[PDB]
Amino acid sequence: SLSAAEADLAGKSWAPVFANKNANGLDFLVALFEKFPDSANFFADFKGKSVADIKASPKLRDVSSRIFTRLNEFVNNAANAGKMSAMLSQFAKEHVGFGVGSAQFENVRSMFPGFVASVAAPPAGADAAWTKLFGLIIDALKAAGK
Ligand code: HEM
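- Header annotation of the entry names X-ray crystallography as the structure determination method and lists the resolution as 2.0 Å.

## Some thoughts on the environment of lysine 55
Phase 1: With respect to the helices, strands and loops of the structure, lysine 55 is situated in helix α3 (residues 51-56).
Phase 2: With 29 residues separating them along the chain, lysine 55 and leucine 26 place their C-alpha atoms 8.2 Å apart.
Phase 3: Discounting chain neighbours no more than four positions away, the residues touching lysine 55 are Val30 and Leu60.

## Quick look at the coordination of the iron atom of the ligand
Phase 1: Looking at the protein side alone, the iron atom of the ligand has one donor only, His95 (NE2), at 2.0 Å.
Phase 2: Along the chain, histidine 95 turns up in helix α5 (residues 81-97).

## Describing the nonpolar core
Phase 1: Membership of the largest hydrophobic core comes to 42 residues, with the highest contact counts inside it found for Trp14, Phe46, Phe74, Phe105, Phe112, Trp130 and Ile137.
Phase 2: Looking at this core, the elements that each hand over two or more residues are α1 (4-18), α2 (21-35), α4 (60-77), α5, α6 (102-119) and α7 (126-143).
Phase 3: Excluding residues that lie within four positions of it along the chain, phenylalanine 105 makes contacts with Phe91, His95, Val100, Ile137, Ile138 and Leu141.

## Looking at the UniProt feature "domain: Globin" in the protein
Phase 1: Mapped onto the present numbering, the UniProt feature "domain: Globin" falls at residues 1-146.
Phase 2: In residues 1-146, helix accounts for 73% and strand for 0%; the two terminal C-alpha atoms are 21 Å from one another.

## Side note on the pattern of salt bridges
Phase 1: Taken as a whole and assessed by the stated rule, the structure comprises two salt bridges.
Phase 2: In this structure, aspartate 45 and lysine 59 form a salt bridge, with 2.8 Å as the shortest nitrogen-oxygen distance. With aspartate 45 in the loop between α2 and α3 and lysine 59 in the loop between α3 and α4, this pair connects stretches of sequence that are 14 residues apart.
Phase 3: With relative accessibility at 29%, the residue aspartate 45 sits in the partly exposed group.

## Considerations on the packing of aromatic side chains
Phase 1: What the rule picks out here adds up to 16 aromatic pairs.
Phase 2: With a centroid separation of 5.7 Å and 75° between ring planes, the pair formed by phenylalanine 33 and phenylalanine 43 is classed as edge-to-face. Of this pair, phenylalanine 33 sits in helix α2 while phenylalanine 43 sits in the loop between α2 and α3; the two residues are ten residues apart in sequence, bridging distant segments of the chain.
Phase 3: Judged by its relative accessible area of 4%, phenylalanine 33 falls in the buried class.

## A short note on the side chain of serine 64
Phase 1: As for its placement among the helices and strands, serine 64 is situated in helix α4.
Phase 2: Ignoring any residue separated from it by four or fewer positions in sequence, one finds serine 64 in contact with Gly25, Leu26 and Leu29.

## Re the UniProt feature "binding site: heme b" in the protein
Phase 1: Cross-referencing UniProt, the feature "binding site: heme b" maps to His95 in the present numbering.
Phase 2: Beyond its immediate chain neighbours, meaning those up to four positions away, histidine 95 contacts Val100, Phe105 and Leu141.

## Re the site of the ligand
Phase 1: Around the ligand, the structure places 14 residues, and the nearest of them are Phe42, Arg66, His95, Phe98 and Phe105.
Phase 2: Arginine 66 has a polar side-chain atom sitting 3.1 Å from an oxygen atom of the ligand.
Phase 3: Separating a nitrogen atom of the ligand from a side-chain N or O atom of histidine 95 is a distance of 2.8 Å.
Phase 4: The cavity where the ligand resides is the largest pocket.
Phase 5: Elements supplying a minimum of two residues to the shell around the ligand: α4, α5 and α6.
Phase 6: Residues of the shell around the ligand, tallied by class, amount to nine nonpolar, three polar and two charged.

What counts and how
Residues numbered from 1 in each chain as written, not as in the entry; some residues may be left out. Heavy atoms only, no water. Residues with missing side-chain atoms left out of burial classes, pairs and counts. Helix = DSSP H or I, 4+ residues; strand = E, 2+ residues; numbered from the N terminus. Contact = heavy atoms within 4.5 Å. Donors = N, O, S within 2.8 Å, 3.2 Å for Na, K, Ca; no water. Core = buried A, V, L, I, M, F, W, Y, C linked by side-chain atoms within 4.5 Å. Buried < 20%, exposed > 50% of the residue type's maximum accessible area, 1.4 Å probe, protein only. UniProt positions renumbered as here; feature names shortened; annotations may be inferred. Salt bridge = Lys/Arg side-chain N within 4 Å of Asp/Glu carboxyl O. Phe/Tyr/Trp six-rings, centres within 6.5 Å; stacked < 30°, edge-to-face > 60°. Near = heavy atom within 4 Å. Polar contact = N/O pair within 3.5 Å; in protein donor to acceptor, adjacent residues only side chain to side chain. 1 Å grid on protein atoms, 1.4 Å probe; cavity = no way out; pocket = protein on both sides within 12 Å on 5 of 7 lines; lining within 4 Å. Sits in = over half its atoms within 2 Å of the grid points. Nonpolar A, V, L, I, M, F, W, Y, C, P; charged D, E, K, R; others polar.

As structure tokens, this is what we get:
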């Protein structure tokens, strides 16, 4: 888990992004698909589609919102080893069954900070807090078989 200070930092950096959940969620998904083209292929709804098509899809909103809702939950419990364990296990188990591995999460992690910074400059120490959270997810995926 993160420390209370670290969770705090992550939370502070997230609030501005989450404040406009609909628009920022869509944006995050889009950026991922742009930086790492292969990711769209894991999605049922998106495999084969270009970014423009994805942008135009009525399915986009459902997908990005479920992603932000969940990430929000992670940020809000990151400092509780207790909730983290349950959250991480279940997220990792779910994702491996869809065929998603740690490598996909290494990509997310590499682009996250730049994504946040696109919304508002994060506070000092936030970037390391996220890389730390993302690191916990990665380990969970490697423990789940991928
Ligand atoms: C950024 C961190 C991510 C979060 C918080 C997250 C969250 C979720 C959640 C909550 C759902 C299930 C929603 C529901 O059915 O109610 C989901 C499903 C899924 N996610 Fe993720 N996801 C993340 C990253 C990704 C990435 C990187 C991939 C692909 C590379 C992805 C691939 C999948 C797939 C294919 C499903 C199956 C659901 C569907 O396609 O309909 N996830 N994820």
